[PDB]
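Visitor: Supplied structure: entry_7.cif, mmCIF, N, CA and C atoms.
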data_structure
#
loop_
_atom_site.group_PDB
_atom_site.id
_atom_site.type_symbol
_atom_site.label_atom_id
_atom_site.label_comp_id
_atom_site.auth_asym_id
_atom_site.auth_seq_id
_atom_site.Cartn_x
_atom_site.Cartn_y
_atom_site.Cartn_z
ATOM 1 N N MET A 1 91.154 92.067 201.179
ATOM 2 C CA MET A 1 92.627 92.073 200.956
ATOM 3 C C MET A 1 93.081 93.486 200.603
ATOM 4 N N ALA A 2 92.261 94.181 199.820
ATOM 5 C CA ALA A 2 92.585 95.546 199.412
ATOM 6 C C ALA A 2 91.325 96.405 199.380
ATOM 7 N N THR A 3 91.503 97.701 199.623
ATOM 8 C CA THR A 3 90.373 98.628 199.622
ATOM 9 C C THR A 3 90.851 100.048 199.333
ATOM 10 N N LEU A 4 91.866 100.156 198.479
ATOM 11 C CA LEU A 4 92.414 101.463 198.123
ATOM 12 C C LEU A 4 91.603 102.091 196.994
ATOM 13 N N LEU A 5 91.627 101.446 195.830
ATOM 14 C CA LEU A 5 90.890 101.952 194.676
ATOM 15 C C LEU A 5 89.476 101.374 194.659
ATOM 16 N N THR A 6 88.628 101.923 193.793
ATOM 17 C CA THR A 6 87.248 101.452 193.702
ATOM 18 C C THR A 6 86.852 101.171 192.255
ATOM 19 N N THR A 7 85.760 100.424 192.098
ATOM 20 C CA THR A 7 85.252 100.081 190.773
ATOM 21 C C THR A 7 84.916 101.349 189.996
ATOM 22 N N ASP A 8 84.259 102.289 190.670
ATOM 23 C CA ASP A 8 83.903 103.554 190.035
ATOM 24 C C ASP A 8 85.167 104.278 189.569
ATOM 25 N N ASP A 9 86.265 104.042 190.286
ATOM 26 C CA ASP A 9 87.539 104.663 189.944
ATOM 27 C C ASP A 9 88.010 104.187 188.573
ATOM 28 N N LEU A 10 87.974 102.871 188.357
ATOM 29 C CA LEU A 10 88.407 102.319 187.072
ATOM 30 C C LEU A 10 87.520 102.857 185.941
ATOM 31 N N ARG A 11 86.251 103.093 186.269
ATOM 32 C CA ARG A 11 85.294 103.599 185.290
ATOM 33 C C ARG A 11 85.752 104.942 184.732
ATOM 34 N N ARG A 12 86.073 105.867 185.632
ATOM 35 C CA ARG A 12 86.519 107.198 185.222
ATOM 36 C C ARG A 12 87.787 107.114 184.374
ATOM 37 N N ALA A 13 88.725 106.276 184.806
ATOM 38 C CA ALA A 13 89.985 106.116 184.080
ATOM 39 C C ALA A 13 89.736 105.623 182.656
ATOM 40 N N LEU A 14 88.663 104.856 182.483
ATOM 41 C CA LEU A 14 88.325 104.320 181.165
ATOM 42 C C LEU A 14 87.509 105.326 180.350
ATOM 43 N N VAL A 15 86.863 106.267 181.041
ATOM 44 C CA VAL A 15 86.057 107.278 180.359
ATOM 45 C C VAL A 15 86.954 108.304 179.671
ATOM 46 N N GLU A 16 88.156 108.499 180.216
ATOM 47 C CA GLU A 16 89.101 109.458 179.643
ATOM 48 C C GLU A 16 89.379 109.138 178.176
ATOM 49 N N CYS A 17 89.317 107.852 177.839
ATOM 50 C CA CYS A 17 89.559 107.425 176.464
ATOM 51 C C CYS A 17 88.323 107.681 175.607
ATOM 52 N N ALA A 18 87.156 107.390 176.174
ATOM 53 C CA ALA A 18 85.898 107.594 175.459
ATOM 54 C C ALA A 18 84.857 108.213 176.385
ATOM 55 N N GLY A 19 84.847 109.542 176.440
ATOM 56 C CA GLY A 19 83.898 110.253 177.292
ATOM 57 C C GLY A 19 82.475 110.091 176.770
ATOM 58 N N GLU A 20 82.274 110.459 175.508
ATOM 59 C CA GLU A 20 80.954 110.352 174.893
ATOM 60 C C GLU A 20 80.717 108.934 174.386
ATOM 61 N N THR A 21 79.505 108.434 174.611
ATOM 62 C CA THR A 21 79.154 107.085 174.172
ATOM 63 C C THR A 21 77.709 106.768 174.537
ATOM 64 N N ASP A 22 76.897 106.516 173.516
ATOM 65 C CA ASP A 22 75.492 106.194 173.738
ATOM 66 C C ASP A 22 75.276 104.683 173.664
ATOM 67 N N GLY A 23 76.305 103.928 174.047
ATOM 68 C CA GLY A 23 76.219 102.471 174.022
ATOM 69 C C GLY A 23 76.981 101.868 175.196
ATOM 70 N N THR A 24 76.316 101.808 176.347
ATOM 71 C CA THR A 24 76.933 101.252 177.545
ATOM 72 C C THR A 24 75.860 100.879 178.561
ATOM 73 N N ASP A 25 75.937 99.649 179.044
ATOM 74 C CA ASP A 25 74.972 99.161 180.024
ATOM 75 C C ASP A 25 75.467 99.446 181.440
ATOM 76 N N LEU A 26 75.310 100.697 181.863
ATOM 77 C CA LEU A 26 75.740 101.103 183.200
ATOM 78 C C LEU A 26 74.559 101.070 184.174
ATOM 79 N N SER A 27 73.714 100.052 184.031
ATOM 80 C CA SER A 27 72.550 99.915 184.904
ATOM 81 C C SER A 27 72.497 98.513 185.506
ATOM 82 N N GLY A 28 73.673 97.951 185.773
ATOM 83 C CA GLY A 28 73.750 96.613 186.352
ATOM 84 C C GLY A 28 75.201 96.166 186.497
ATOM 85 N N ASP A 29 76.009 96.474 185.486
ATOM 86 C CA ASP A 29 77.421 96.100 185.513
ATOM 87 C C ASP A 29 78.129 96.598 184.256
ATOM 88 N N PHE A 30 79.457 96.612 184.306
ATOM 89 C CA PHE A 30 80.248 97.066 183.165
ATOM 90 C C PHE A 30 81.583 96.316 183.086
ATOM 91 N N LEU A 31 81.652 95.154 183.731
ATOM 92 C CA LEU A 31 82.885 94.376 183.732
ATOM 93 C C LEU A 31 82.699 93.030 183.034
ATOM 94 N N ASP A 32 81.464 92.526 183.028
ATOM 95 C CA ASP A 32 81.176 91.245 182.380
ATOM 96 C C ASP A 32 81.592 91.285 180.911
ATOM 97 N N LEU A 33 81.450 92.460 180.307
ATOM 98 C CA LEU A 33 81.816 92.642 178.907
ATOM 99 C C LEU A 33 82.250 94.085 178.664
ATOM 100 N N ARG A 34 83.498 94.382 179.020
ATOM 101 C CA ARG A 34 84.029 95.731 178.844
ATOM 102 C C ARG A 34 85.188 95.725 177.850
ATOM 103 N N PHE A 35 86.175 94.869 178.106
ATOM 104 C CA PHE A 35 87.332 94.771 177.217
ATOM 105 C C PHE A 35 86.977 93.923 175.996
ATOM 106 N N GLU A 36 86.098 92.943 176.204
ATOM 107 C CA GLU A 36 85.676 92.063 175.118
ATOM 108 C C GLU A 36 84.667 92.770 174.219
ATOM 109 N N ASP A 37 83.774 93.543 174.839
ATOM 110 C CA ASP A 37 82.758 94.280 174.083
ATOM 111 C C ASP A 37 83.429 95.208 173.075
ATOM 112 N N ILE A 38 84.167 96.184 173.595
ATOM 113 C CA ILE A 38 84.881 97.122 172.740
ATOM 114 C C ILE A 38 86.139 96.443 172.199
ATOM 115 N N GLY A 39 86.732 97.019 171.155
ATOM 116 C CA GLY A 39 87.937 96.438 170.567
ATOM 117 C C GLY A 39 89.183 96.895 171.324
ATOM 118 N N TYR A 40 89.366 96.356 172.529
ATOM 119 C CA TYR A 40 90.521 96.709 173.348
ATOM 120 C C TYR A 40 91.364 95.468 173.632
ATOM 121 N N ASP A 41 92.110 95.023 172.625
ATOM 122 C CA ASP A 41 92.959 93.855 172.797
ATOM 123 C C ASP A 41 94.073 94.193 173.776
ATOM 124 N N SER A 42 94.695 93.167 174.327
ATOM 125 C CA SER A 42 95.768 93.373 175.301
ATOM 126 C C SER A 42 96.970 94.104 174.688
ATOM 127 N N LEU A 43 97.028 94.171 173.358
ATOM 128 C CA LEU A 43 98.147 94.838 172.694
ATOM 129 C C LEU A 43 97.886 96.337 172.510
ATOM 130 N N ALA A 44 96.613 96.725 172.499
ATOM 131 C CA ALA A 44 96.258 98.133 172.318
ATOM 132 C C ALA A 44 96.164 98.853 173.662
ATOM 133 N N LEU A 45 95.416 98.260 174.586
ATOM 134 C CA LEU A 45 95.232 98.850 175.909
ATOM 135 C C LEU A 45 96.511 98.779 176.756
ATOM 136 N N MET A 46 97.533 98.078 176.262
ATOM 137 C CA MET A 46 98.783 97.946 177.010
ATOM 138 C C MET A 46 99.401 99.313 177.306
ATOM 139 N N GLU A 47 99.824 100.007 176.251
ATOM 140 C CA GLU A 47 100.445 101.322 176.412
ATOM 141 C C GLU A 47 99.481 102.305 177.071
ATOM 142 N N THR A 48 98.195 102.151 176.769
ATOM 143 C CA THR A 48 97.169 103.032 177.335
ATOM 144 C C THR A 48 97.225 103.021 178.863
ATOM 145 N N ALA A 49 97.424 101.834 179.420
ATOM 146 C CA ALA A 49 97.496 101.681 180.870
ATOM 147 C C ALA A 49 98.865 102.109 181.388
ATOM 148 N N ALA A 50 99.885 101.974 180.540
ATOM 149 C CA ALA A 50 101.244 102.353 180.929
ATOM 150 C C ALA A 50 101.300 103.832 181.301
ATOM 151 N N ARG A 51 100.510 104.636 180.597
ATOM 152 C CA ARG A 51 100.470 106.073 180.860
ATOM 153 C C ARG A 51 99.432 106.386 181.937
ATOM 154 N N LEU A 52 98.368 105.589 181.965
ATOM 155 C CA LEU A 52 97.303 105.785 182.946
ATOM 156 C C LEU A 52 97.839 105.656 184.372
ATOM 157 N N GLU A 53 98.893 104.860 184.532
ATOM 158 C CA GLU A 53 99.489 104.651 185.851
ATOM 159 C C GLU A 53 100.533 105.724 186.169
ATOM 160 N N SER A 54 101.060 106.371 185.127
ATOM 161 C CA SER A 54 102.075 107.410 185.313
ATOM 162 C C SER A 54 101.597 108.493 186.281
ATOM 163 N N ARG A 55 100.283 108.696 186.332
ATOM 164 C CA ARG A 55 99.718 109.709 187.222
ATOM 165 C C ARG A 55 99.421 109.117 188.600
ATOM 166 N N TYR A 56 99.133 107.817 188.633
ATOM 167 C CA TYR A 56 98.835 107.145 189.898
ATOM 168 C C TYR A 56 100.025 107.236 190.850
ATOM 169 N N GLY A 57 101.223 107.028 190.310
ATOM 170 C CA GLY A 57 102.435 107.085 191.126
ATOM 171 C C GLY A 57 102.901 105.681 191.518
ATOM 172 N N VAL A 58 101.966 104.729 191.515
ATOM 173 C CA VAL A 58 102.287 103.350 191.875
ATOM 174 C C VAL A 58 103.361 102.788 190.924
ATOM 175 N N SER A 59 103.770 101.540 191.153
ATOM 176 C CA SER A 59 104.789 100.913 190.312
ATOM 177 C C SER A 59 104.334 100.878 188.854
ATOM 178 N N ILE A 60 105.074 100.144 188.025
ATOM 179 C CA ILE A 60 104.738 100.050 186.606
ATOM 180 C C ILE A 60 104.488 98.592 186.190
ATOM 181 N N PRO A 61 103.303 98.041 186.503
ATOM 182 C CA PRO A 61 102.967 96.654 186.133
ATOM 183 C C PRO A 61 102.430 96.553 184.706
ATOM 184 N N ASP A 62 103.340 96.621 183.742
ATOM 185 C CA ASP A 62 102.956 96.547 182.332
ATOM 186 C C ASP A 62 102.839 95.097 181.857
ATOM 187 N N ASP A 63 103.456 94.174 182.592
ATOM 188 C CA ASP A 63 103.411 92.763 182.212
ATOM 189 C C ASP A 63 102.044 92.153 182.526
ATOM 190 N N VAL A 64 101.723 92.072 183.815
ATOM 191 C CA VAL A 64 100.449 91.494 184.236
ATOM 192 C C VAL A 64 99.271 92.322 183.714
ATOM 193 N N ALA A 65 99.390 93.641 183.831
ATOM 194 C CA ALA A 65 98.328 94.536 183.374
ATOM 195 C C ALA A 65 98.273 94.574 181.849
ATOM 196 N N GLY A 66 99.430 94.394 181.219
ATOM 197 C CA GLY A 66 99.500 94.413 179.759
ATOM 198 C C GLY A 66 98.696 93.266 179.161
ATOM 199 N N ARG A 67 98.701 92.129 179.852
ATOM 200 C CA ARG A 67 97.969 90.957 179.374
ATOM 201 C C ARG A 67 96.612 90.849 180.067
ATOM 202 N N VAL A 68 95.965 91.994 180.264
ATOM 203 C CA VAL A 68 94.658 92.016 180.913
ATOM 204 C C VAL A 68 93.550 91.776 179.884
ATOM 205 N N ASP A 69 92.812 90.687 180.067
ATOM 206 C CA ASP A 69 91.728 90.355 179.148
ATOM 207 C C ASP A 69 90.402 90.891 179.678
ATOM 208 N N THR A 70 90.237 90.834 180.995
ATOM 209 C CA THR A 70 89.010 91.319 181.619
ATOM 210 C C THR A 70 89.229 92.714 182.219
ATOM 211 N N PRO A 71 88.146 93.471 182.460
ATOM 212 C CA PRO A 71 88.253 94.829 183.030
ATOM 213 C C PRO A 71 88.490 94.816 184.537
ATOM 214 N N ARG A 72 87.727 93.981 185.240
ATOM 215 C CA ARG A 72 87.859 93.873 186.695
ATOM 216 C C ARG A 72 89.308 93.579 187.097
ATOM 217 N N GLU A 73 90.054 92.954 186.186
ATOM 218 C CA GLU A 73 91.452 92.619 186.453
ATOM 219 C C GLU A 73 92.286 93.883 186.639
ATOM 220 N N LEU A 74 92.076 94.856 185.753
ATOM 221 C CA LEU A 74 92.824 96.112 185.817
ATOM 222 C C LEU A 74 92.640 96.790 187.177
ATOM 223 N N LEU A 75 91.400 96.807 187.665
ATOM 224 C CA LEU A 75 91.108 97.426 188.961
ATOM 225 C C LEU A 75 91.918 96.752 190.066
ATOM 226 N N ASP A 76 91.778 95.435 190.175
ATOM 227 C CA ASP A 76 92.502 94.683 191.199
ATOM 228 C C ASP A 76 94.019 94.788 191.006
ATOM 229 N N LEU A 77 94.444 95.199 189.812
ATOM 230 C CA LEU A 77 95.872 95.324 189.523
ATOM 231 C C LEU A 77 96.467 96.539 190.229
ATOM 232 N N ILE A 78 96.019 97.724 189.822
ATOM 233 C CA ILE A 78 96.518 98.971 190.409
ATOM 234 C C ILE A 78 96.298 98.983 191.925
ATOM 235 N N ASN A 79 95.183 98.399 192.345
ATOM 236 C CA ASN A 79 94.833 98.345 193.764
ATOM 237 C C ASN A 79 95.942 97.679 194.582
ATOM 238 N N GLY A 80 96.241 96.427 194.246
ATOM 239 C CA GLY A 80 97.276 95.679 194.960
ATOM 240 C C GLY A 80 98.647 96.332 194.807
ATOM 241 N N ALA A 81 98.835 97.055 193.706
ATOM 242 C CA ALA A 81 100.110 97.720 193.451
ATOM 243 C C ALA A 81 100.313 98.889 194.409
ATOM 244 N N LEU A 82 99.207 99.499 194.831
ATOM 245 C CA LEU A 82 99.278 100.636 195.745
ATOM 246 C C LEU A 82 99.488 100.159 197.179
ATOM 247 N N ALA A 83 98.826 99.058 197.530
ATOM 248 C CA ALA A 83 98.947 98.505 198.876
ATOM 249 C C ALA A 83 100.390 98.104 199.161
ATOM 250 N N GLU A 84 101.021 97.472 198.175
ATOM 251 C CA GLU A 84 102.407 97.039 198.324
ATOM 252 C C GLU A 84 103.354 98.230 198.219
ATOM 253 N N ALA A 85 102.949 99.231 197.438
ATOM 254 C CA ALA A 85 103.770 100.427 197.257
ATOM 255 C C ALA A 85 104.011 101.121 198.594
ATOM 256 N N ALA A 86 103.025 101.030 199.481
ATOM 257 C CA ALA A 86 103.138 101.654 200.798
ATOM 258 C C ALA A 86 103.794 100.696 201.786
#
Show this structure as C-alpha cells.
Guide:
Amino acid sequence: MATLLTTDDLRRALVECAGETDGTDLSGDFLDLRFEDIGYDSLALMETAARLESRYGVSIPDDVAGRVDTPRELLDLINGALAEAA
C-alpha cells in the first residue's frame, strides 16, 4: 500500500531524542516493545512527533499519531501521510 518511508527511517527519528543508550535490542526487532519499554506515553511523545513532522513537510497528523501506543504505528502514519500528500 505504501513504500515511501522505511523502518530504519523511524529508528533514526527516534535516535534524535536518545542518541546514546546501552540498552536496546537491535538484533531482532525494536517495535514489539519500543513505546511501552521506555516511558513514552501518548501525552509525552505527542508534541515530540508534532515537531518531528515539521521537517518532513507532510501534513500534521497530531490526532492519530498523538494517540500512538505502538512504534510501528508511527512509521505507517507518516508513510501514508506522504502518499496522500502527493
Visitor: So how far away is atom N of residue 57 of chain A from atom CA of residue 30 of chain A, in Å?
Guide: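 Separating atom CA of residue 30 of chain A from atom N of residue 57 of chain A is a distance of 24.3 Å.
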Visitor: On this structure, which residues satisfy the PyMOL selection byres (((chain A and resi 53 and name CA) around 12) and name CA), written as a ChimeraX atom specification?
Guide: /A:10,13,46-52,54-62,65-66,74-75,77-79,81-82
Visitor: Given the file shown, determine the residues that the PyMOL selection byres ((chain A and resi 31) around 7) selects; report them as a ChimeraX atom specification.
Guide: /A:29-30,32-35,70-72
Visitor: For residue 67 of chain A, which residue among A:1, A:83, A:11, A:45 is the nearest when counting all atoms listed in the file?
Guide: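 Of A:1, A:83, A:11, A:45, the one nearest residue 67 of chain A, counting all atoms listed in the file, is A:45.
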Visitor: Have a look at atom C of residue 73 of chain A and atom CA of residue 7 of chain A and let me know their distance in Å, one decimal.
Guide: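 So the answer is 10.2 Å.
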Visitor: Could you tell me how far atom CA of residue 43 of chain A lies from atom CA of residue 86 of chain A, in Å and to one decimal?
Guide: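 The value is 29.3 Å.
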Visitor: Just the helix (DSSP H, G or I) stuff from chain A, please, per backbone DSSP, written as a PyMOL selection string.
Guide: chain A and resi 7-15+45-52+62-66+71-85
Visitor: Work out where the centre of an axis-aligned box around every listed atom of segment 10-27 of chain A lies and how long its edges are once 4 Å is added on each side; give both in Å to one decimal as AutoDock Vina command-line options.
Guide:
--center_x 81.2 --center_y 104.5 --center_z 180.9 --size_x 25.5 --size_y 19.9 --size_z 22.8
Visitor: So, counting only N, CA and C atoms, which residue among A:26, A:36, A:4, A:14 is closest to residue 69 of chain A?
Guide: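 Ranking A:26, A:36, A:4, A:14 by distance to residue 69 of chain A, first place goes to A:36.
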